[PDB]
Amino acid sequence: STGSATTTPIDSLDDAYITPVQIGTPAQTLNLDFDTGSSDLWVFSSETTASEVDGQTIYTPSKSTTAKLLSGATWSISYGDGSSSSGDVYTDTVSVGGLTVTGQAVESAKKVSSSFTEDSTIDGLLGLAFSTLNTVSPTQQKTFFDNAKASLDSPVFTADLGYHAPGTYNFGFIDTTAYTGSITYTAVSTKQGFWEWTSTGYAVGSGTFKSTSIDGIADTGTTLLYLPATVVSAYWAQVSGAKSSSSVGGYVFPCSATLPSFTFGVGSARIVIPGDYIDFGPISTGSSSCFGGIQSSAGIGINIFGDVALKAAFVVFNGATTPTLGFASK
Ligand SMILES: c1ccc(NCc2c[nH]cn2)cc1
């Protein structure tokens, strides 16, 4: 089997991407944030605290003939940005882009943090990291990809995120029309539950390439690119008037700037992030200070190849017995 679904930016800055997901019988379609950095499929629901729902579409398990309470199971998750959600668990039929999994754990939110409530466009998350991170207790549950894997033509999914434009998530096949050149594969560590890999270095603009190992995760559910402070300082030093602002919480730059590109290494290959991808717009409406898309990972404890990096590539999440990542230009 295969599946193919379009993923759409939630706003003009590509803060995140939403992908329609069919849950239950008859189908209830919710727009979920596909997150290769987490392993819970959770949704706004008929159980969510009413004051914490503001425009999201909800899953109502009592309207699904295939929904079953997973008796005793609860979940609770915290994300790297301080946001959180928690609740109970149903099993139900979940389809993505024509690919169906029966008996998928659908984690129903009783509580969500203010950032989730305040984002009307995201109805929940679909985790695509390794199932070892799933938070369901006392019986840990599998991701949608882990449940689908054995049925798929090939045990892979691909992320093809757009710049200010829709893109695609494919499951079970590699669309050889969606990228240029060849796919370079690189080793993954699953020891922390993430798609963790080692970049071979970076360049700023037309600068020389610096060969240096950068351990980090491929995380579709993080907006920005978070790298070591040395690398980030080297990037922003090429932008007149850029600075790290403790008040704003990262590097800002004059909105009048033209940003340089950023290149990262994948083995002997190179992925170039155009400068425009690094512009996250005014810090507040009407400001001439703009927020940077490359930020320090200092204090986060891991480097994160978030959407800013991944949207520059066609990315293969290879879930073979020894997982690997693939990157191609596009
Ligand atoms: C700042 C924000 C995001 C992340 N991951 C975000 C996230 C939110 N929900 C799922 N992943 C890490 C640092």
# chains A, B, ... in the order shown; residues from 1 in each chain; ligands from 1
>>> closest_atom_pairs(of="chain A", to="ligand 1", cutoff="7 Å", atoms="only C-alpha atoms and all ligand atoms", output="tab-separated table")
residue	atom	partner	partner_atom_place_in_ligand_line	distance
A:35	CA	ligand 1	10 (C)	5.9
A:37	CA	ligand 1	11 (N)	6.0
A:38	CA	ligand 1	10 (C)	6.4
A:79	CA	ligand 1	8 (C)	5.1
A:80	CA	ligand 1	12 (C)	3.8
A:81	CA	ligand 1	1 (C)	3.7
A:83	CA	ligand 1	8 (C)	6.8
A:221	CA	ligand 1	11 (N)	4.3
A:222	CA	ligand 1	5 (N)	4.2
A:223	CA	ligand 1	3 (C)	6.6
>>> write_last_selection(atoms="N, CA and C atoms", output="PDB file, in the first residue's frame")
ATOM      1  N   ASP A  35       4.674  15.564  12.793  1.00  0.00           N
ATOM      2  CA  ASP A  35       5.809  15.935  13.657  1.00  0.00           C
ATOM      3  C   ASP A  35       6.799  14.779  13.715  1.00  0.00           C
ATOM      4  N   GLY A  37       9.456  14.845  15.175  1.00  0.00           N
ATOM      5  CA  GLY A  37      10.142  15.009  16.466  1.00  0.00           C
ATOM      6  C   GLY A  37       9.368  14.442  17.642  1.00  0.00           C
ATOM      7  N   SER A  38       8.185  13.866  17.424  1.00  0.00           N
ATOM      8  CA  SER A  38       7.398  13.272  18.531  1.00  0.00           C
ATOM      9  C   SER A  38       6.640  12.059  18.027  1.00  0.00           C
ATOM     10  N   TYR A  79       6.370  19.676  24.878  1.00  0.00           N
ATOM     11  CA  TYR A  79       7.204  19.914  23.675  1.00  0.00           C
ATOM     12  C   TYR A  79       8.328  20.902  24.009  1.00  0.00           C
ATOM     13  N   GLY A  80       9.373  20.908  23.178  1.00  0.00           N
ATOM     14  CA  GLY A  80      10.598  21.713  23.372  1.00  0.00           C
ATOM     15  C   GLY A  80      10.302  23.194  23.513  1.00  0.00           C
ATOM     16  N   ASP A  81       9.136  23.650  23.043  1.00  0.00           N
ATOM     17  CA  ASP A  81       8.718  25.074  23.094  1.00  0.00           C
ATOM     18  C   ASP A  81       7.907  25.371  24.359  1.00  0.00           C
ATOM     19  N   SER A  83       5.027  23.984  25.260  1.00  0.00           N
ATOM     20  CA  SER A  83       3.585  23.670  25.086  1.00  0.00           C
ATOM     21  C   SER A  83       3.327  22.241  25.579  1.00  0.00           C
ATOM     22  N   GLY A 221       8.212  19.172  12.978  1.00  0.00           N
ATOM     23  CA  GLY A 221       7.308  19.883  13.898  1.00  0.00           C
ATOM     24  C   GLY A 221       7.980  21.062  14.578  1.00  0.00           C
ATOM     25  N   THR A 222       9.211  21.375  14.184  1.00  0.00           N
ATOM     26  CA  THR A 222       9.925  22.586  14.652  1.00  0.00           C
ATOM     27  C   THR A 222      10.032  23.537  13.466  1.00  0.00           C
ATOM     28  N   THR A 223       9.688  24.807  13.667  1.00  0.00           N
ATOM     29  CA  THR A 223       9.702  25.782  12.555  1.00  0.00           C
ATOM     30  C   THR A 223      11.129  26.048  12.066  1.00  0.00           C
TER      31      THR A 223
END
>>> residues_around(residues="range 318-324 of chain A", least_positions_apart="3", cutoff="6 Å", atoms="only C-alpha atoms", output="list in words")
residues 155, 156, 186, 187 and 188 of chain A
>>> select_by_dssp(residues="range 35-185 of chain A", states="helix (DSSP H, G or I)", output="mmCIF file with N, CA and C atoms, in the first residue's frame")
data_model
loop_
_atom_site.group_PDB
_atom_site.id
_atom_site.type_symbol
_atom_site.label_atom_id
_atom_site.label_comp_id
_atom_site.auth_asym_id
_atom_site.auth_seq_id
_atom_site.Cartn_x
_atom_site.Cartn_y
_atom_site.Cartn_z
ATOM 1 N N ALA A 50 -13.722 22.993 27.320
ATOM 2 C CA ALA A 50 -14.403 23.855 26.335
ATOM 3 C C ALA A 50 -13.655 25.185 26.197
ATOM 4 N N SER A 51 -13.196 25.790 27.302
ATOM 5 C CA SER A 51 -12.481 27.089 27.289
ATOM 6 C C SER A 51 -11.127 27.016 26.570
ATOM 7 N N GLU A 52 -10.628 25.812 26.281
ATOM 8 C CA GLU A 52 -9.322 25.593 25.614
ATOM 9 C C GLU A 52 -9.495 25.273 24.134
ATOM 10 N N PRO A 61 -15.397 10.823 19.437
ATOM 11 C CA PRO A 61 -15.374 9.364 19.328
ATOM 12 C C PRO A 61 -16.760 8.708 19.393
ATOM 13 N N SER A 62 -17.700 9.340 20.082
ATOM 14 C CA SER A 62 -19.052 8.763 20.247
ATOM 15 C C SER A 62 -19.781 8.747 18.905
ATOM 16 N N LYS A 63 -19.311 9.502 17.903
ATOM 17 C CA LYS A 63 -19.917 9.513 16.557
ATOM 18 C C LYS A 63 -19.217 8.540 15.622
ATOM 19 N N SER A 114 -2.028 26.916 26.249
ATOM 20 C CA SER A 114 -2.562 28.143 25.624
ATOM 21 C C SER A 114 -2.097 28.247 24.163
ATOM 22 N N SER A 115 -0.867 27.838 23.826
ATOM 23 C CA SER A 115 -0.357 27.991 22.434
ATOM 24 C C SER A 115 -1.205 27.122 21.502
ATOM 25 N N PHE A 116 -1.641 25.941 21.947
ATOM 26 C CA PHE A 116 -2.506 25.065 21.114
ATOM 27 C C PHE A 116 -3.869 25.737 20.937
ATOM 28 N N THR A 117 -4.500 26.186 22.021
ATOM 29 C CA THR A 117 -5.816 26.872 21.967
ATOM 30 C C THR A 117 -5.741 28.051 20.991
ATOM 31 N N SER A 131 8.558 4.998 18.026
ATOM 32 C CA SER A 131 7.467 4.721 18.992
ATOM 33 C C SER A 131 7.951 4.629 20.434
ATOM 34 N N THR A 132 9.252 4.468 20.642
ATOM 35 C CA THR A 132 9.844 4.514 21.989
ATOM 36 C C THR A 132 9.573 5.825 22.697
ATOM 37 N N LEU A 133 9.294 6.938 21.973
ATOM 38 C CA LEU A 133 8.905 8.216 22.630
ATOM 39 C C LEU A 133 7.413 8.360 22.919
ATOM 40 N N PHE A 144 1.498 6.015 13.723
ATOM 41 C CA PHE A 144 0.798 5.697 12.466
ATOM 42 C C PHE A 144 1.770 5.020 11.513
ATOM 43 N N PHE A 145 3.011 5.523 11.384
ATOM 44 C CA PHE A 145 3.984 4.927 10.441
ATOM 45 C C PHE A 145 4.359 3.530 10.902
ATOM 46 N N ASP A 146 4.614 3.363 12.189
ATOM 47 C CA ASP A 146 4.993 2.023 12.692
ATOM 48 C C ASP A 146 3.842 1.048 12.449
ATOM 49 N N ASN A 147 2.591 1.422 12.647
ATOM 50 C CA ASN A 147 1.456 0.508 12.387
ATOM 51 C C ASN A 147 1.332 0.232 10.884
ATOM 52 N N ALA A 148 1.570 1.197 10.018
ATOM 53 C CA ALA A 148 1.418 1.039 8.564
ATOM 54 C C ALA A 148 2.556 0.261 7.912
ATOM 55 N N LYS A 149 3.728 0.254 8.547
ATOM 56 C CA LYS A 149 5.040 -0.060 7.917
ATOM 57 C C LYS A 149 4.966 -1.383 7.147
ATOM 58 N N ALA A 150 4.500 -2.434 7.808
ATOM 59 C CA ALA A 150 4.511 -3.795 7.237
ATOM 60 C C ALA A 150 3.653 -3.835 5.973
ATOM 61 N N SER A 151 2.592 -3.040 5.869
ATOM 62 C CA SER A 151 1.657 -3.010 4.715
ATOM 63 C C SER A 151 2.217 -2.181 3.565
#
>>> closest_atom_pairs(of="range 131-172 of chain A", to="range 273-284 of chain A", cutoff="12 Å", atoms="only C-alpha atoms", output="Markdown table")
| residue | atom | partner | partner_atom | distance |
| --- | --- | --- | --- | --- |
| A:161 | CA | A:277 | CA | 11.9 |
| A:162 | CA | A:277 | CA | 10.3 |
| A:163 | CA | A:277 | CA | 7.0 |
| A:164 | CA | A:277 | CA | 8.9 |
| A:165 | CA | A:277 | CA | 11.9 |
>>> write_last_selection(atoms="N, CA and C atoms", output="mmCIF file, in the first residue's frame")
data_model
loop_
_atom_site.group_PDB
_atom_site.id
_atom_site.type_symbol
_atom_site.label_atom_id
_atom_site.label_comp_id
_atom_site.auth_asym_id
_atom_site.auth_seq_id
_atom_site.Cartn_x
_atom_site.Cartn_y
_atom_site.Cartn_z
ATOM 1 N N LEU A 161 8.363 19.565 1.987
ATOM 2 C CA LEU A 161 7.698 20.781 2.468
ATOM 3 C C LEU A 161 7.943 21.910 1.478
ATOM 4 N N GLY A 162 6.944 22.735 1.265
ATOM 5 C CA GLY A 162 7.038 23.903 0.394
ATOM 6 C C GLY A 162 7.495 25.153 1.127
ATOM 7 N N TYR A 163 8.139 26.039 0.400
ATOM 8 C CA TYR A 163 8.413 27.424 0.812
ATOM 9 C C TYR A 163 7.251 28.295 0.408
ATOM 10 N N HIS A 164 6.498 28.755 1.391
ATOM 11 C CA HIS A 164 5.333 29.618 1.130
ATOM 12 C C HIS A 164 4.401 28.950 0.127
ATOM 13 N N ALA A 165 4.204 27.634 0.236
ATOM 14 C CA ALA A 165 3.481 26.857 -0.783
ATOM 15 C C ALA A 165 3.223 25.488 -0.195
#
>>> residues_around(residues="residue 119 in chain A", least_positions_apart="4", cutoff="12 Å", atoms="only C-alpha atoms", output="PyMOL selection string")
chain A and resi 10-11+15-16+18+31-33+44+52-57+83+112-115+123-124
>>> write_last_selection(atoms="N, CA, C and O atoms", output="mmCIF file, in the first residue's frame")
data_model
loop_
_atom_site.group_PDB
_atom_site.id
_atom_site.type_symbol
_atom_site.label_atom_id
_atom_site.label_comp_id
_atom_site.auth_asym_id
_atom_site.auth_seq_id
_atom_site.Cartn_x
_atom_site.Cartn_y
_atom_site.Cartn_z
ATOM 1 N N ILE A 10 0.349 26.864 7.571
ATOM 2 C CA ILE A 10 -0.790 27.429 8.350
ATOM 3 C C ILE A 10 -0.868 28.943 8.185
ATOM 4 O O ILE A 10 -1.940 29.497 8.510
ATOM 5 N N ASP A 11 0.177 29.602 7.731
ATOM 6 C CA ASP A 11 0.214 31.073 7.651
ATOM 7 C C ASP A 11 1.282 31.467 6.662
ATOM 8 O O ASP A 11 1.948 30.586 6.046
ATOM 9 N N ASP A 15 4.927 28.865 9.580
ATOM 10 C CA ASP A 15 5.193 28.547 11.007
ATOM 11 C C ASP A 15 5.050 27.040 11.231
ATOM 12 O O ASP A 15 5.770 26.447 12.071
ATOM 13 N N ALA A 16 4.150 26.411 10.495
ATOM 14 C CA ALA A 16 3.935 24.958 10.590
ATOM 15 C C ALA A 16 3.127 24.562 9.378
ATOM 16 O O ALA A 16 2.704 25.439 8.607
ATOM 17 N N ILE A 18 -0.024 21.805 7.994
ATOM 18 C CA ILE A 18 -1.157 20.932 8.339
ATOM 19 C C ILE A 18 -1.490 20.003 7.197
ATOM 20 O O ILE A 18 -1.444 20.409 6.021
ATOM 21 N N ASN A 31 -7.135 18.454 10.596
ATOM 22 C CA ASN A 31 -5.886 18.950 10.007
ATOM 23 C C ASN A 31 -4.799 18.852 11.070
ATOM 24 O O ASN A 31 -4.791 19.619 12.016
ATOM 25 N N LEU A 32 -3.856 17.929 10.864
ATOM 26 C CA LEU A 32 -2.850 17.618 11.900
ATOM 27 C C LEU A 32 -1.473 18.117 11.480
ATOM 28 O O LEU A 32 -1.110 18.130 10.279
ATOM 29 N N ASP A 33 -0.712 18.518 12.485
ATOM 30 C CA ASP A 33 0.712 18.874 12.331
ATOM 31 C C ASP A 33 1.545 17.590 12.385
ATOM 32 O O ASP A 33 1.671 17.000 13.481
ATOM 33 N N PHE A 44 -7.568 17.481 19.251
ATOM 34 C CA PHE A 44 -8.700 18.192 19.866
ATOM 35 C C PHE A 44 -9.907 17.282 19.728
ATOM 36 O O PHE A 44 -10.121 16.640 18.695
ATOM 37 N N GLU A 52 -10.628 25.812 26.281
ATOM 38 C CA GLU A 52 -9.322 25.593 25.614
ATOM 39 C C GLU A 52 -9.495 25.273 24.134
ATOM 40 O O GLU A 52 -8.451 25.053 23.460
ATOM 41 N N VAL A 53 -10.700 25.288 23.648
ATOM 42 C CA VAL A 53 -11.028 25.084 22.209
ATOM 43 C C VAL A 53 -11.409 26.456 21.660
ATOM 44 O O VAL A 53 -12.347 27.097 22.230
ATOM 45 N N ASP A 54 -10.772 26.893 20.593
ATOM 46 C CA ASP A 54 -11.081 28.190 19.935
ATOM 47 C C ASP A 54 -10.932 28.046 18.420
ATOM 48 O O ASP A 54 -9.915 28.522 17.871
ATOM 49 N N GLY A 55 -11.854 27.364 17.802
ATOM 50 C CA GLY A 55 -11.950 27.301 16.340
ATOM 51 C C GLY A 55 -11.390 26.020 15.753
ATOM 52 O O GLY A 55 -11.562 25.813 14.555
ATOM 53 N N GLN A 56 -10.776 25.144 16.546
ATOM 54 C CA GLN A 56 -10.277 23.850 16.013
ATOM 55 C C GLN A 56 -11.441 22.946 15.653
ATOM 56 O O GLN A 56 -12.531 23.037 16.236
ATOM 57 N N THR A 57 -11.222 22.045 14.711
ATOM 58 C CA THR A 57 -12.126 20.915 14.459
ATOM 59 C C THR A 57 -11.841 19.832 15.491
ATOM 60 O O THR A 57 -10.668 19.547 15.713
ATOM 61 N N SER A 83 5.027 23.984 25.260
ATOM 62 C CA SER A 83 3.585 23.670 25.086
ATOM 63 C C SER A 83 3.327 22.241 25.579
ATOM 64 O O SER A 83 4.283 21.480 25.756
ATOM 65 N N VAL A 112 -5.214 21.170 26.813
ATOM 66 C CA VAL A 112 -4.140 21.665 25.924
ATOM 67 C C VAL A 112 -3.607 22.994 26.467
ATOM 68 O O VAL A 112 -4.395 23.695 27.106
ATOM 69 N N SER A 113 -2.352 23.291 26.228
ATOM 70 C CA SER A 113 -1.763 24.582 26.686
ATOM 71 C C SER A 113 -2.175 25.702 25.736
ATOM 72 O O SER A 113 -2.731 25.479 24.656
ATOM 73 N N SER A 114 -2.028 26.916 26.249
ATOM 74 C CA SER A 114 -2.562 28.143 25.624
ATOM 75 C C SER A 114 -2.097 28.247 24.163
ATOM 76 O O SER A 114 -2.925 28.696 23.346
ATOM 77 N N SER A 115 -0.867 27.838 23.826
ATOM 78 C CA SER A 115 -0.357 27.991 22.434
ATOM 79 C C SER A 115 -1.205 27.122 21.502
ATOM 80 O O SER A 115 -1.427 27.528 20.355
ATOM 81 N N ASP A 123 -5.348 21.065 14.456
ATOM 82 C CA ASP A 123 -6.378 20.272 15.174
ATOM 83 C C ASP A 123 -5.718 19.178 16.009
ATOM 84 O O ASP A 123 -6.449 18.440 16.697
ATOM 85 N N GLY A 124 -4.399 19.045 15.951
ATOM 86 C CA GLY A 124 -3.662 18.011 16.687
ATOM 87 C C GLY A 124 -2.356 17.711 16.006
ATOM 88 O O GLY A 124 -2.011 18.384 15.019
#
>>> closest_residue(among="A:268, A:85, A:60, A:198", to="residue 328 in chain A", atoms="only C-alpha atoms")
A:268
>>> closest_residue(among="A:208, A:184, A:154, A:246", to="residue 170 in chain A", atoms="only C-alpha atoms")
A:154
>>> residues_around(residues="residue 230 in chain A", least_positions_apart="5", cutoff="10 Å", atoms="only C-alpha atoms", output="ChimeraX atom specification")
/A:235,296,298
>>> select_by_dssp(residues="range 11-153 of chain A", states="strand (DSSP E)", output="JSON, numbers by chain")
{"A": [17, 18, 19, 20, 21, 22, 23, 28, 29, 30, 31, 32, 33, 34, 35, 41, 42, 43, 68, 69, 70, 71, 72, 73, 74, 75, 76, 77, 78, 84, 85, 86, 87, 88, 89, 90, 91, 92, 93, 94, 95, 96, 99, 100, 101, 102, 103, 104, 105, 106, 107, 108, 109, 110, 111, 112, 124, 125, 126, 127]}
>>> write_last_selection(atoms="C-alpha atoms", output="CSV table (one decimal), in the first residue's frame")
chain,number,residue,atom,x,y,z
A,17,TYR,CA,2.2,22.7,8.1
A,18,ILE,CA,-1.2,20.9,8.3
A,19,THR,CA,-2.1,17.7,6.6
A,20,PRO,CA,-5.7,16.4,6.4
A,21,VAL,CA,-6.3,13.1,8.3
A,22,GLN,CA,-9.4,10.9,8.3
A,23,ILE,CA,-10.4,9.5,11.7
A,28,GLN,CA,-14.0,12.9,10.6
A,29,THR,CA,-11.3,15.0,8.8
A,30,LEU,CA,-8.9,16.9,11.1
A,31,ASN,CA,-5.9,19.0,10.0
A,32,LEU,CA,-2.9,17.6,11.9
A,33,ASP,CA,0.7,18.9,12.3
A,34,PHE,CA,2.9,16.0,11.2
A,35,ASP,CA,5.8,15.9,13.7
A,41,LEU,CA,-1.1,11.2,17.5
A,42,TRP,CA,-3.3,13.5,19.6
A,43,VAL,CA,-6.4,15.5,18.6
A,68,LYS,CA,-13.1,1.9,21.1
A,69,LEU,CA,-11.9,3.4,24.5
A,70,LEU,CA,-8.4,2.0,25.2
A,71,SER,CA,-9.4,1.3,28.9
A,72,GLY,CA,-7.1,2.8,31.5
A,73,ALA,CA,-4.7,4.5,29.0
A,74,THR,CA,-3.7,8.1,29.5
A,75,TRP,CA,-1.1,10.4,27.9
A,76,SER,CA,0.7,13.6,28.7
A,77,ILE,CA,3.3,15.3,26.5
A,78,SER,CA,5.6,18.4,26.8
A,84,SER,CA,1.7,20.6,26.4
A,85,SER,CA,-1.4,18.5,26.2
A,86,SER,CA,-2.9,15.4,27.9
A,87,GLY,CA,-5.9,13.1,27.9
A,88,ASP,CA,-7.2,9.6,27.4
A,89,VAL,CA,-7.0,7.3,24.4
A,90,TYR,CA,-9.2,5.6,21.8
A,91,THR,CA,-8.4,3.2,19.1
A,92,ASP,CA,-9.9,4.0,15.7
A,93,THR,CA,-9.4,3.8,11.9
A,94,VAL,CA,-7.0,6.5,10.7
A,95,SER,CA,-6.3,7.2,7.0
A,96,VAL,CA,-3.7,9.6,5.5
A,99,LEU,CA,-3.4,4.8,3.4
A,100,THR,CA,-5.5,3.2,6.2
A,101,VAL,CA,-4.5,1.9,9.6
A,102,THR,CA,-7.1,0.1,11.7
A,103,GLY,CA,-6.7,0.1,15.5
A,104,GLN,CA,-4.5,3.3,15.6
A,105,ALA,CA,-4.2,4.9,19.0
A,106,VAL,CA,-5.9,8.3,18.8
A,107,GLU,CA,-5.0,10.3,21.9
A,108,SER,CA,-8.0,12.5,22.9
A,109,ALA,CA,-7.0,15.8,24.5
A,110,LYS,CA,-8.7,16.7,27.8
A,111,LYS,CA,-6.3,19.6,28.3
A,112,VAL,CA,-4.1,21.7,25.9
A,124,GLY,CA,-3.7,18.0,16.7
A,125,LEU,CA,-0.3,16.4,16.0
A,126,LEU,CA,0.6,13.2,14.2
A,127,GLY,CA,4.0,12.0,15.5
>>> closest_residue(among="A:194, A:225, A:269, A:129", to="residue 142 in chain A", atoms="only C-alpha atoms")
A:129
>>> decode(residues="range 222-251 of chain A", atoms="C-alpha atoms", output="PDB file, in the first residue's frame")
ATOM      1  CA  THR A 222       9.925  22.586  14.652  1.00  0.00           C
ATOM      2  CA  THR A 223       9.702  25.782  12.555  1.00  0.00           C
ATOM      3  CA  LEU A 224      13.318  26.925  12.698  1.00  0.00           C
ATOM      4  CA  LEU A 225      16.894  25.644  12.258  1.00  0.00           C
ATOM      5  CA  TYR A 226      18.681  25.418  15.655  1.00  0.00           C
ATOM      6  CA  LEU A 227      22.441  24.942  15.491  1.00  0.00           C
ATOM      7  CA  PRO A 228      25.471  25.485  17.707  1.00  0.00           C
ATOM      8  CA  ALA A 229      26.119  29.079  18.780  1.00  0.00           C
ATOM      9  CA  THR A 230      29.434  29.162  16.807  1.00  0.00           C
ATOM     10  CA  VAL A 231      27.642  28.303  13.534  1.00  0.00           C
ATOM     11  CA  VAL A 232      24.742  30.695  14.171  1.00  0.00           C
ATOM     12  CA  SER A 233      27.138  33.599  15.044  1.00  0.00           C
ATOM     13  CA  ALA A 234      29.064  32.940  11.805  1.00  0.00           C
ATOM     14  CA  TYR A 235      25.794  33.152   9.833  1.00  0.00           C
ATOM     15  CA  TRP A 236      24.412  36.357  11.399  1.00  0.00           C
ATOM     16  CA  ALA A 237      27.837  38.107  11.264  1.00  0.00           C
ATOM     17  CA  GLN A 238      27.223  38.258   7.462  1.00  0.00           C
ATOM     18  CA  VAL A 239      24.021  40.360   7.941  1.00  0.00           C
ATOM     19  CA  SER A 240      24.583  44.096   8.680  1.00  0.00           C
ATOM     20  CA  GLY A 241      22.860  45.051  11.928  1.00  0.00           C
ATOM     21  CA  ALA A 242      21.861  41.502  12.987  1.00  0.00           C
ATOM     22  CA  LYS A 243      22.118  40.823  16.708  1.00  0.00           C
ATOM     23  CA  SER A 244      21.014  38.394  19.364  1.00  0.00           C
ATOM     24  CA  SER A 245      18.231  40.046  21.413  1.00  0.00           C
ATOM     25  CA  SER A 246      17.610  38.622  24.950  1.00  0.00           C
ATOM     26  CA  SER A 247      14.297  40.625  25.021  1.00  0.00           C
ATOM     27  CA  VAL A 248      12.982  39.055  21.761  1.00  0.00           C
ATOM     28  CA  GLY A 249      14.622  35.632  22.477  1.00  0.00           C
ATOM     29  CA  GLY A 250      17.024  35.177  19.565  1.00  0.00           C
ATOM     30  CA  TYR A 251      18.694  36.708  16.567  1.00  0.00           C
TER      31      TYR A 251
END
